[PDB]
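Just below is one structure, and these are the notes that go with it.
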Amino acid sequence: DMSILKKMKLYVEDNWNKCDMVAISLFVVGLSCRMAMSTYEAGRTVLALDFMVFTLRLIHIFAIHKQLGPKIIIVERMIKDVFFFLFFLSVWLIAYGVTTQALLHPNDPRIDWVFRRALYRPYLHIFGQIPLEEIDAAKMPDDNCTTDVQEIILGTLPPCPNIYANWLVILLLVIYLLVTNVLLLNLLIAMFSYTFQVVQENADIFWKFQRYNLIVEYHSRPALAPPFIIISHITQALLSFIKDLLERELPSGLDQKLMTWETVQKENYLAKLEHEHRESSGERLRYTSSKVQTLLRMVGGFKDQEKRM
Amino acid sequence: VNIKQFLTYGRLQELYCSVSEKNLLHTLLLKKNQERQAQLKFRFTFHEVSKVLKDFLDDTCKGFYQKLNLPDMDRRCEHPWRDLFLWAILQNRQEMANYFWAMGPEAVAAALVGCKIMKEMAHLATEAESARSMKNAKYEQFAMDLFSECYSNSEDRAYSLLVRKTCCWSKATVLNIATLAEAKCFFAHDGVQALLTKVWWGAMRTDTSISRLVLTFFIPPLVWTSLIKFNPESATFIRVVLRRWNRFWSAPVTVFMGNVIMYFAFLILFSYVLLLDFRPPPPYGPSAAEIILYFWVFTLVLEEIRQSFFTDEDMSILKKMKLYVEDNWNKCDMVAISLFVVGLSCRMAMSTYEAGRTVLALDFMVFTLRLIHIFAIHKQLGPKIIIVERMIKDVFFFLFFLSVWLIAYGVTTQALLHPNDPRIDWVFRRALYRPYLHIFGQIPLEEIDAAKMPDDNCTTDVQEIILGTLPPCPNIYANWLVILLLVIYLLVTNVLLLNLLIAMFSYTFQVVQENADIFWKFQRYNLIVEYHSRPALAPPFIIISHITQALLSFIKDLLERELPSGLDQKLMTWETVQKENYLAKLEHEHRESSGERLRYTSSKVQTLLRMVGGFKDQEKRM
Ligand SMILES: C[C@@H]1CC[C@@]2(OC1)O[C@H]1C[C@H]3[C@@H]4CC=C5C[C@@H](OCC[C@H](CO)CO[C@@H]6O[C@H](CO)[C@@H](O[C@H]7O[C@H](CO)[C@@H](O)[C@H](O)[C@H]7O)[C@H](O)[C@H]6O)CC[C@]5(C)[C@H]4CC[C@]3(C)[C@H]1[C@@H]2C
Ligand SMILES: C[C@@H]1CC[C@@]2(OC1)O[C@H]1C[C@H]3[C@@H]4CC=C5C[C@@H](OCC[C@H](CO)CO[C@@H]6O[C@H](CO)[C@@H](O[C@H]7O[C@H](CO)[C@@H](O)[C@H](O)[C@H]7O)[C@H](O)[C@H]6O)CC[C@]5(C)[C@H]4CC[C@]3(C)[C@H]1[C@@H]2C
Ligand SMILES: C[C@@H]1CC[C@@]2(OC1)O[C@H]1C[C@H]3[C@@H]4CC=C5C[C@@H](O)CC[C@]5(C)[C@H]4CC[C@]3(C)[C@H]1[C@@H]2C
Ligand SMILES: C[C@@H]1CC[C@@]2(OC1)O[C@H]1C[C@H]3[C@@H]4CC=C5C[C@@H](O)CC[C@]5(C)[C@H]4CC[C@]3(C)[C@H]1[C@@H]2C
Ligand SMILES: *[C@@H]1O[C@H](CO)[C@@H](O)[C@H](O)[C@H]1NC(C)=O
Ligand SMILES: *[C@@H]1O[C@H](CO)[C@@H](O)[C@H](O)[C@H]1NC(C)=O
């Protein structure tokens with residue numbers, strides 16, 4: 001008993017369910033395009049992407065593992081620092097790449113190659129891919145290059161790089177390499193270290209809380225793994241047409257006994273708290289001070305009476 | 001003793017003249033007195049204390065004692081507790097200053113003024129003990145605690161208390177005094193941040209999701225729907241829809257995001273002009289998009305100038321220029337505009353066309369860097385900006401170490417490998433450029449290892465080497481030493497220095513993050529204050545708003561508001577009551593402390609011992 005729309009909303013709420021929906025949609029689209037001949041290659045591409053989606057689903061499958069689940073939670077938390085580093089790197093990379101593309105190839109109309117030399121190459125500079133053959137004049141090859149735009153567009157010859165102020169290009173490359181490959185990367189390492197230290201303890205508790213729900217799900221899951229699971233599904237459907245260790249209901253006597261036992265344990269726990277409060281140092285100090293004040297006034301009266309005699 | 005009747009102005013000046021002569025206040029008063037005598041009954045006149053207060057605050061203590069120039073010497077002070085607190089504060093007497101603050105009418109402003117004056121005198125302090133006491137004035141702590149009490153009490157009168165114009169401190173807003181004091185911890189308080197968030201979202205509700213706001217921004221008509229909830233409070237209907245439109249588009253957050261979107265449009269247009277639509281000199285004419293870009297930047301500079309200079313009605317032009325050039329990001333802005341002007345000028349010519357293109361290429365980088373300062377206000381990004389700004393120092397330390405090691409290794413290898421290359425450019429190349437690239441996995445062994453050196457056509461003659469006919473042959477006399485030095489350099493640089501820098505960044509992050517958050521909040525206050533007066537139209541449109549403002553000025557605030565006399569007095573009495581409650585709570589917590597109870601018990605036990613001993617002696621006598 002639950003609303004169908006509410007169930008759909010609850011399902012689509014989870015991100016891993018969104019990944020599952022993406023996977024099944026890609027499978028359907030790829031199969032449909034594969035069935036045709038004019039869209040065969042597109043279907044193959046979509047299925048290739050779907051394999052990646054399923055292999056990623058494998059992580060959510062392993063989420064219940066006792067040693068791996070907290071790591072999944074930790075990575076899910078690290079995503080935020082990843083995004084911060086992405087913002088910084090994106091700003092710096094846009095700047096450096098567009099500036100170098102303007103300084104080096106100011107007469108290349110090809111939009112694809114503009115975007116290439118502006119963003120793809122500076123991005124690969126991070127991972128040790130620094131092709132100086134296109135950036136340093138002393139290292140630029142004596143290849144057959146053209147300056148004419150027409151010939152450049154047709155792709156007859158590669159466009160010659162501009163070497164007007166190449167010292168500026170090399171200086172900018174040096175500064176970009178320093179900033180990106182040192183400051184940003186080591187800053188991200190520090191951010192991950194701090195985030196790990198602050199998050200791990202909460203990640204363990206969250207893993208336990210999620211483990212409860214995963215075990216609850218595994219309770220009703222049929223014992224047969226897919227693709228066999230169809231036998232169990234058919235059996236369940238046939239049984240439903242023809243016709244739990246957790247969340248059990250107990251007899252009245254046992255239920256009342258457990259309720260009284262809970263009440264007794266609660267009384268014991270409250271008595272222990274109160275006793276520990278009475279024996280606390282602060283409470284003892286307060287009691288001693290109050291009783292000393294009372295004793296002072298009373299013994300002062302007694303001493304006055306004694307002096308009267 | 002009735003302080004109101006006790007403290008006359010003559011008595012106040014008598015107190016000021018009777019300084020200890022061994023503290024900082026006496027030295028400052030002597031300096032002011034000598035300056036006044038050079039510019040030309042009582043050792044010091046109210047002019048000297050007024051000038052000292054002018055040095056310390058420069059805006060608040062105006063007319064405190066100059067208004068009447070001296071007032072009647074027998075006339076009682078209008079604000080006795082304020083003057084007493086100020087007097088006790090100028091001389092580092094903190095216990096007395098505290099007592100006077102506990103009696104003053106406006107306590108938050110007084111505490112902020114006190115902390116400002118203390119941190120101002122901390123620099124001028126001669127003795128180390130006095131400076132240490134001044135740095136621990138904890139007067140900002142008093143303001144934070146009292147405002148926490150006030151915020152817990154009402155949370156609606158607290159905002160009015162923050163934004164009201166105080167009567168004692170020359171119509172100065174409490175937030176204005178906190179800004180003057182640079183009380184960063186005060187701005188970090190949850191109440192001040194909540195008020196700033198309320199200002200940030202304008203008429204909209206602060207809980208509005210960012211995605212809904214962006215979607216409503218991109219599709220304007222959805223403002224009239226119920227997608228975003230608003231805070232409460234033919235001709236009528238038009239007025240209603242216009243009011244809703246204005247209440248949405250006047251919110252500071254919408255103005256900020258519009259500015260960000262149009263700055264992204266600027267970066268896109270600048271890149272397009274620089275990469276695809278950069279035409280020959282004006283003989284063939286700059287592109288129309290280039291003219292649009294020039295107009296764009298003109299509007300941006302107009303907005304910058306207006307924000308920096310025309311926001312303040314009364315302030316020295318030279319002082320405003322100094323304040324503007326003080327900020328580093330303003331220096332970056334000046335560099336950007338100067339580069340734009342130089343690049344445009346060189347582009348207008350034909351003999352300097354390429355130089356102009358190069359300068360504009362650099363300017364694009366400068367503007368894309370300006371984008372970070374634009375995003376500084378973001379709730380999740382700003383602290384990261386602060387953290388990076390702090391990391392710069394460790395970057396410099398690593399740079400020093402790397403520079404020393406790199407100079408050594410590079411010059412040694414250049415001497416060992418190419419001892420007969422006269423070309424200065426290639427000497428500097430092989431000495432510094434190549435060892436620098438060794439850090440990033442660029443190790444060209446083809447020029448360093450003889451077993452890997454190519455059978456290319458090389459010359460040994462210097463003449464031929466200089467002319468560039470053939471590349472100079474590398475020396476292979478002792479190449480085992482070159483390879484050993486390369487190995488040692490690779491080890492040191494790529495392992496020790498890099499992992500040391502990683503450790504330094506880790507430690508710096510851990511130590512800095514908490515202060516960076518508070519500094520972000522303190523800066524966020526000023527950014528929201530700036531967004532208050534910023535016109536709601538993002539550039540290049542902003543020119544319409546500028547023209548409208550100029551026309552309105554020729555023809556003719558939620559923060560820092562002034563309240564009616566009755567409400568002002570009510571809030572002052574409420575502040576006094578909250579201060580009394582806070583002090584009573586502190587005193588009660590002090591009485592119930594374990595140490596105080598132990599002291600009381602010990603003293604009373606001693607008294608009881610002696611008294612009961614006397615009683616026992618009396619009993620034994622019977
Ligand atoms: C510790 C810290 C590290 C980072 C840094 O600061 C210090 O290091 C600094 C070092 C510096 C660099 C030091 C040196 C230079 C060189 C200088 O050019 C000199 C001007 C001349 C005039 O155009 C250029 O020369 C000639 O160009 C020609 C290109 O047409 C070459 O023709 C080639 O044609 C064909 C190529 O296919 C082949 O026949 C041959 O290959 C060759 O014949 C010549 O061979 C070559 O002679 C430009 C500046 C630069 C790169 C410095 C930049 C800044 C640094 C990296 C510093 C860092 C901040
Ligand atoms: C764990 C730790 C790591 C770091 C380290 O310590 C341990 O490792 C050690 C290893 C060691 C190195 C071990 C070995 C050597 C070799 C030694 O040369 C032997 C002397 C002879 C005499 O000149 C040189 O040989 C010959 O040179 C000729 C150059 O004219 C080559 O001609 C080439 O000509 C043309 C090239 O275009 C082509 O025809 C062919 O390419 C080739 O014919 C010959 O082929 C080659 O036979 C020099 C020292 C060196 C590099 C050691 C240095 C120190 C280490 C890195 C240690 C670390 C601390
Ligand atoms: C991470 C972002 C995604 C979006 C984007 O920038 C990076 O991707 C880039 C890829 C570019 C493509 C790459 C190749 C070609 C082919 C060429 O004949 C015509 C131009 C066109 C379509 C380009 C148009 C602009 C595009 C989408 C860029 C776009 C801003
Ligand atoms: C980070 C520092 C900046 C300053 C500096 O060292 C690194 O830059 C280096 C670049 C060098 C240039 C590079 C190219 C040439 C061209 C050549 O035909 C004549 C010599 C000259 C001008 C060189 C002179 C010495 C220079 C400025 C070096 C200078 C100490
Ligand atoms: C470049 O193209 C020209 C066309 O005539 C040809 O003569 C020359 O040999 C080519 N050079 C190279 C390096 O391919
Ligand atoms: C080097 O130059 C000489 C000049 O005569 C030439 O004979 C020889 O073939 C050249 N070798 C190479 C590898 O270019």
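A note on labels: chains of the structure tokens are A, B, ... as shown, every chain counts residues from 1, and ligands are counted from 1 in their shown order.
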
Residues near region 457-474 of chain B, cut-off 10 Å, only C-alpha atoms, skip fewer than 6 positions along chain, as a CSV table (one decimal) with N, CA and C atoms, in the first residue's frame:
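Final output, saved to result.csv:
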chain,number,residue,atom,x,y,z
B,414,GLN,N,75.1,23.1,-17.8
B,414,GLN,CA,75.5,23.8,-19.0
B,414,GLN,C,77.0,23.9,-19.2
B,416,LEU,N,79.2,21.7,-18.0
B,416,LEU,CA,79.7,20.4,-18.3
B,416,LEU,C,79.4,19.9,-19.7
B,417,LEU,N,78.3,20.4,-20.3
B,417,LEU,CA,77.8,19.8,-21.5
B,417,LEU,C,78.0,20.6,-22.7
B,418,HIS,N,77.9,21.9,-22.6
B,418,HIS,CA,78.1,22.8,-23.7
B,418,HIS,C,79.0,23.9,-23.3
B,419,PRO,N,80.3,23.7,-23.1
B,419,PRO,CA,81.2,24.7,-22.7
B,419,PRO,C,81.7,25.7,-23.7
B,420,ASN,N,81.3,25.4,-25.0
B,420,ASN,CA,81.7,26.3,-26.1
B,420,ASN,C,80.6,26.9,-26.9
B,421,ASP,N,79.4,27.2,-26.2
B,421,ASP,CA,78.3,27.8,-26.8
B,421,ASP,C,78.2,29.3,-26.4
B,422,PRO,N,78.5,30.2,-27.3
B,422,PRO,CA,78.5,31.6,-27.0
B,422,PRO,C,77.1,32.2,-26.9
B,423,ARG,N,76.2,31.6,-27.5
B,423,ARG,CA,74.8,32.1,-27.6
B,423,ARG,C,74.2,32.3,-26.3
B,447,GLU,N,69.7,15.0,-25.3
B,447,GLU,CA,70.7,16.0,-25.2
B,447,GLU,C,71.6,15.9,-23.9
B,448,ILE,N,71.3,14.8,-23.1
B,448,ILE,CA,72.1,14.7,-21.9
B,448,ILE,C,72.8,13.4,-21.8
B,449,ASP,N,72.4,12.3,-22.4
B,449,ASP,CA,73.0,11.0,-22.3
B,449,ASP,C,73.7,10.6,-23.6
B,450,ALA,N,75.0,10.4,-23.6
B,450,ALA,CA,75.7,10.1,-24.8
B,450,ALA,C,75.2,8.9,-25.5

Per-residue nearest contacts of chain B to chain A (7 Å; only C-alpha atoms) as a Markdown table:
| residue | atom | partner | partner_atom | distance |
| --- | --- | --- | --- | --- |
| B:271 | CA | A:98 | CA | 6.8 |
| B:274 | CA | A:102 | CA | 6.4 |
| B:275 | CA | A:102 | CA | 5.7 |
| B:276 | CA | A:109 | CA | 6.1 |
| B:358 | CA | A:103 | CA | 6.1 |
| B:361 | CA | A:99 | CA | 5.0 |
| B:362 | CA | A:99 | CA | 6.3 |
| B:364 | CA | A:99 | CA | 6.6 |
| B:365 | CA | A:95 | CA | 4.6 |
| B:368 | CA | A:95 | CA | 5.5 |
| B:440 | CA | A:128 | CA | 6.0 |
| B:441 | CA | A:128 | CA | 5.8 |
| B:502 | CA | A:186 | CA | 5.2 |
| B:505 | CA | A:190 | CA | 6.0 |
| B:506 | CA | A:190 | CA | 4.4 |
| B:509 | CA | A:190 | CA | 6.7 |
| B:510 | CA | A:194 | CA | 6.9 |
| B:594 | CA | A:282 | CA | 6.4 |
| B:597 | CA | A:289 | CA | 6.5 |
| B:601 | CA | A:289 | CA | 5.5 |
| B:608 | CA | A:296 | CA | 6.0 |
| B:615 | CA | A:303 | CA | 5.3 |
| B:618 | CA | A:306 | CA | 6.8 |

Dump as CSV the rows for residues of chain B within 6 Å of ligand 2: closest atom pair and distance in Å with one decimal, only C-alpha atoms and all ligand atoms counted, ordered by chain and rising residue number.
residue,atom,partner,partner_atom_place_in_ligand_line,distance
B:450,CA,ligand 2,29 (C),4.3
B:451,CA,ligand 2,41 (O),3.9
B:452,CA,ligand 2,37 (O),5.1
B:453,CA,ligand 2,37 (O),4.1
B:454,CA,ligand 2,37 (O),4.4
B:455,CA,ligand 2,37 (O),5.3
B:480,CA,ligand 2,49 (C),3.9
B:483,CA,ligand 2,51 (C),5.6
B:484,CA,ligand 2,54 (C),4.8

Could you list, as an mmCIF file with N, CA, C and O atoms, in the first residue's frame, every residue within 9 Å of region 43-60 of chain B, counting only C-alpha atoms and ignoring same-chain residues fewer than 5 positions away?
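The resulting file, part-v7.cif, is reproduced below:
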data_model
loop_
_atom_site.group_PDB
_atom_site.id
_atom_site.type_symbol
_atom_site.label_atom_id
_atom_site.label_comp_id
_atom_site.auth_asym_id
_atom_site.auth_seq_id
_atom_site.Cartn_x
_atom_site.Cartn_y
_atom_site.Cartn_z
ATOM 1 N N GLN B 13 37.887 67.560 31.701
ATOM 2 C CA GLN B 13 39.197 68.050 31.291
ATOM 3 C C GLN B 13 40.207 67.936 32.426
ATOM 4 O O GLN B 13 41.395 67.696 32.186
ATOM 5 N N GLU B 14 39.757 68.115 33.670
ATOM 6 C CA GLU B 14 40.647 67.914 34.809
ATOM 7 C C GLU B 14 41.118 66.466 34.882
ATOM 8 O O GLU B 14 42.284 66.195 35.190
ATOM 9 N N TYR B 16 41.365 64.481 32.261
ATOM 10 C CA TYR B 16 42.267 64.286 31.129
ATOM 11 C C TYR B 16 43.642 64.889 31.383
ATOM 12 O O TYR B 16 44.647 64.356 30.901
ATOM 13 N N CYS B 17 43.713 65.998 32.119
ATOM 14 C CA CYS B 17 45.006 66.613 32.402
ATOM 15 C C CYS B 17 45.809 65.796 33.404
ATOM 16 O O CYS B 17 47.044 65.837 33.385
ATOM 17 N N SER B 18 45.136 65.053 34.281
ATOM 18 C CA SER B 18 45.811 64.290 35.329
ATOM 19 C C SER B 18 46.105 62.863 34.860
ATOM 20 O O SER B 18 45.724 61.876 35.486
ATOM 21 N N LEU B 25 48.949 57.491 26.405
ATOM 22 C CA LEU B 25 48.019 58.599 26.210
ATOM 23 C C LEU B 25 48.686 59.937 26.493
ATOM 24 O O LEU B 25 48.446 60.919 25.781
ATOM 25 N N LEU B 28 50.862 60.827 23.487
ATOM 26 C CA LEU B 28 50.060 61.292 22.358
ATOM 27 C C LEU B 28 49.527 62.700 22.600
ATOM 28 O O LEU B 28 49.533 63.543 21.692
ATOM 29 N N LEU B 29 49.055 62.969 23.819
ATOM 30 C CA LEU B 29 48.562 64.303 24.139
ATOM 31 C C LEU B 29 49.681 65.332 24.066
ATOM 32 O O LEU B 29 49.464 66.460 23.612
ATOM 33 N N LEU B 30 50.884 64.964 24.510
ATOM 34 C CA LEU B 30 52.023 65.868 24.397
ATOM 35 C C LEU B 30 52.358 66.151 22.940
ATOM 36 O O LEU B 30 52.656 67.294 22.576
ATOM 37 N N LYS B 31 52.323 65.120 22.092
ATOM 38 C CA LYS B 31 52.579 65.324 20.670
ATOM 39 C C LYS B 31 51.563 66.285 20.067
ATOM 40 O O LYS B 31 51.923 67.213 19.329
ATOM 41 N N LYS B 32 50.283 66.084 20.386
ATOM 42 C CA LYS B 32 49.248 66.974 19.868
ATOM 43 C C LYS B 32 49.419 68.395 20.394
ATOM 44 O O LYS B 32 49.211 69.366 19.657
ATOM 45 N N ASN B 33 49.790 68.537 21.667
ATOM 46 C CA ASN B 33 49.977 69.866 22.238
ATOM 47 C C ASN B 33 51.147 70.589 21.585
ATOM 48 O O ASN B 33 51.059 71.789 21.302
ATOM 49 N N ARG B 36 49.992 71.711 18.148
ATOM 50 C CA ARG B 36 49.123 72.881 18.237
ATOM 51 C C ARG B 36 49.915 74.138 18.577
ATOM 52 O O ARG B 36 49.645 75.215 18.034
ATOM 53 N N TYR B 65 33.343 67.172 21.753
ATOM 54 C CA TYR B 65 33.654 68.271 22.653
ATOM 55 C C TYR B 65 33.855 69.588 21.924
ATOM 56 O O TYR B 65 33.951 70.632 22.578
ATOM 57 N N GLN B 66 33.927 69.572 20.594
ATOM 58 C CA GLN B 66 34.039 70.798 19.817
ATOM 59 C C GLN B 66 32.710 71.530 19.704
ATOM 60 O O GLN B 66 32.698 72.756 19.539
ATOM 61 N N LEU B 70 35.188 75.234 22.814
ATOM 62 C CA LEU B 70 34.970 74.372 23.963
ATOM 63 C C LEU B 70 33.608 74.665 24.592
ATOM 64 O O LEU B 70 33.138 75.808 24.569
ATOM 65 N N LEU B 90 41.399 55.319 26.518
ATOM 66 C CA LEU B 90 42.583 55.903 25.908
ATOM 67 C C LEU B 90 43.867 55.628 26.689
ATOM 68 O O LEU B 90 44.958 55.708 26.140
ATOM 69 N N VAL B 113 33.958 50.422 19.531
ATOM 70 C CA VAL B 113 34.870 51.561 19.575
ATOM 71 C C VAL B 113 36.058 51.252 20.474
ATOM 72 O O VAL B 113 37.208 51.577 20.148
ATOM 73 N N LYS B 116 38.422 48.854 18.690
ATOM 74 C CA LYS B 116 39.136 49.589 17.651
ATOM 75 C C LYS B 116 40.268 50.414 18.246
ATOM 76 O O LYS B 116 41.401 50.383 17.754
ATOM 77 N N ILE B 117 39.978 51.155 19.317
ATOM 78 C CA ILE B 117 40.999 51.997 19.929
ATOM 79 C C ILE B 117 42.116 51.147 20.522
ATOM 80 O O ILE B 117 43.294 51.512 20.437
ATOM 81 N N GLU B 120 44.268 49.883 17.775
ATOM 82 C CA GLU B 120 45.023 50.999 17.220
ATOM 83 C C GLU B 120 46.205 51.357 18.111
ATOM 84 O O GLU B 120 47.294 51.678 17.620
ATOM 85 N N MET B 121 46.007 51.312 19.431
ATOM 86 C CA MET B 121 47.096 51.651 20.343
ATOM 87 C C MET B 121 48.109 50.522 20.464
ATOM 88 O O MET B 121 49.252 50.763 20.870
ATOM 89 N N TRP B 169 27.368 58.138 19.153
ATOM 90 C CA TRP B 169 28.566 58.047 18.315
ATOM 91 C C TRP B 169 28.377 58.737 16.970
ATOM 92 O O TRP B 169 28.850 58.260 15.939
ATOM 93 N N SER B 170 27.687 59.875 16.977
ATOM 94 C CA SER B 170 27.555 60.749 15.812
ATOM 95 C C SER B 170 26.920 60.019 14.628
ATOM 96 O O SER B 170 27.482 59.938 13.534
ATOM 97 N N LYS B 171 25.720 59.488 14.872
ATOM 98 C CA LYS B 171 24.899 58.869 13.828
ATOM 99 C C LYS B 171 25.660 57.774 13.087
ATOM 100 O O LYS B 171 25.577 57.647 11.862
ATOM 101 N N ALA B 172 26.411 56.971 13.833
ATOM 102 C CA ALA B 172 27.202 55.891 13.259
ATOM 103 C C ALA B 172 26.495 54.564 13.485
ATOM 104 O O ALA B 172 26.123 54.236 14.617
ATOM 105 N N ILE B 177 30.625 50.932 12.721
ATOM 106 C CA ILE B 177 31.687 50.942 13.722
ATOM 107 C C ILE B 177 32.452 49.626 13.702
ATOM 108 O O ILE B 177 33.680 49.605 13.852
ATOM 109 N N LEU B 180 34.777 49.861 10.880
ATOM 110 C CA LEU B 180 35.894 50.708 11.280
ATOM 111 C C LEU B 180 36.837 49.960 12.213
ATOM 112 O O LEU B 180 38.063 50.055 12.078
ATOM 113 N N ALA B 181 36.281 49.208 13.162
ATOM 114 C CA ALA B 181 37.091 48.420 14.081
ATOM 115 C C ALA B 181 37.711 47.193 13.425
ATOM 116 O O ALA B 181 38.623 46.601 14.012
#

Show me which residues are within 6 Å of ligand 1 counting only C-alpha atoms and all ligand atoms, and format the list as an MDAnalysis selection string. (chainID A and resid 137:142 167 170:171) or (chainID B and resid 403 425 428:429 432:433 436 468)

*Mind listing the residues within 8 Å of ligand 3, only C-alpha atoms and all ligand atoms counted, as a PyMOL selection string?*
chain A and resi 110-113+115-116+119

Problem - Close residues, residue 84 (chain B) itself excluded, 8 Å, only C-alpha atoms, min 3 positions apart in chain, as number ranges by chain - result: B: 80-81, 87-88, 97, 100

In region 171-203 of chain A, DSSP alpha helix (DSSP H) residues written as an MDAnalysis selection string: chainID A and resid 171:178 185:203

### Message
Could you list, as a PyMOL selection string, all residues that come within 12 Å of ligand 5? Count only C-alpha atoms and all ligand atoms.
### Response
chain A and resi 141-146+156-158

I need the chosen residues saved as a PDB file, in the first residue's frame, with C-alpha atoms.
ATOM      1  CA  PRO A 141      59.950  21.395 -36.718  1.00  0.00           C
ATOM      2  CA  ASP A 142      60.882  22.437 -40.260  1.00  0.00           C
ATOM      3  CA  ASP A 143      57.582  20.979 -41.490  1.00  0.00           C
ATOM      4  CA  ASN A 144      55.786  22.231 -44.569  1.00  0.00           C
ATOM      5  CA  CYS A 145      53.432  24.931 -43.326  1.00  0.00           C
ATOM      6  CA  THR A 146      51.211  27.534 -44.975  1.00  0.00           C
ATOM      7  CA  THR A 156      46.145  20.974 -47.410  1.00  0.00           C
ATOM      8  CA  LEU A 157      48.937  21.967 -45.014  1.00  0.00           C
ATOM      9  CA  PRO A 158      49.042  22.563 -41.252  1.00  0.00           C
TER      10      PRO A 158
END

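For the atom pair formed by CA of residue 376 (chain B) and CA of residue 255 (chain B), the distance is 14.8 Å, given to one decimal.
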
**Request:** Find the spatial neighbours of region 190-204 of chain B, counting only C-alpha atoms, within a cut-off of 10 Å - ignore same-chain residues fewer than 6 positions away - and output them as number ranges by chain.
**Result:** B: 144, 147-148, 150-152, 155-156, 158-160, 162-163, 175, 213, 228-233, 244, 246-254, 256, 521-522, 524-529, 531-532, 558-559

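Counting only C-alpha atoms, residue 288 (chain B) has the following residues at most 10 Å away, ignoring those fewer than 3 positions along the same chain: residues 273, 277, 279, 285, 291, 292, 293 and 294 of chain B.
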
To one decimal place, how far is CA of residue 212 (chain A) from CA of residue 245 (chain A) in Å?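 Value for the CA of residue 212 (chain A)-CA of residue 245 (chain A) distance: 13.5 Å.
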
Using only C-alpha atoms, which protein or nucleic acid residues come within 7 Å of residue 135 (chain B)? Drop anything in the same chain fewer than 4 positions from it, and give the result as a ChimeraX atom specification.
/B:119,122,131

For the residues selected in the previous step, produce a file with N, CA and C atoms as an mmCIF file, in the first residue's frame.
data_model
loop_
_atom_site.group_PDB
_atom_site.id
_atom_site.type_symbol
_atom_site.label_atom_id
_atom_site.label_comp_id
_atom_site.auth_asym_id
_atom_site.auth_seq_id
_atom_site.Cartn_x
_atom_site.Cartn_y
_atom_site.Cartn_z
ATOM 1 N N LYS B 119 43.151 48.102 19.500
ATOM 2 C CA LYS B 119 43.997 47.547 18.450
ATOM 3 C C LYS B 119 44.762 48.645 17.720
ATOM 4 N N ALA B 122 47.708 49.288 20.145
ATOM 5 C CA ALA B 122 48.619 48.155 20.273
ATOM 6 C C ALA B 122 49.888 48.367 19.457
ATOM 7 N N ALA B 131 51.526 46.249 25.401
ATOM 8 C CA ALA B 131 51.067 45.763 24.104
ATOM 9 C C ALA B 131 50.361 44.420 24.235
#
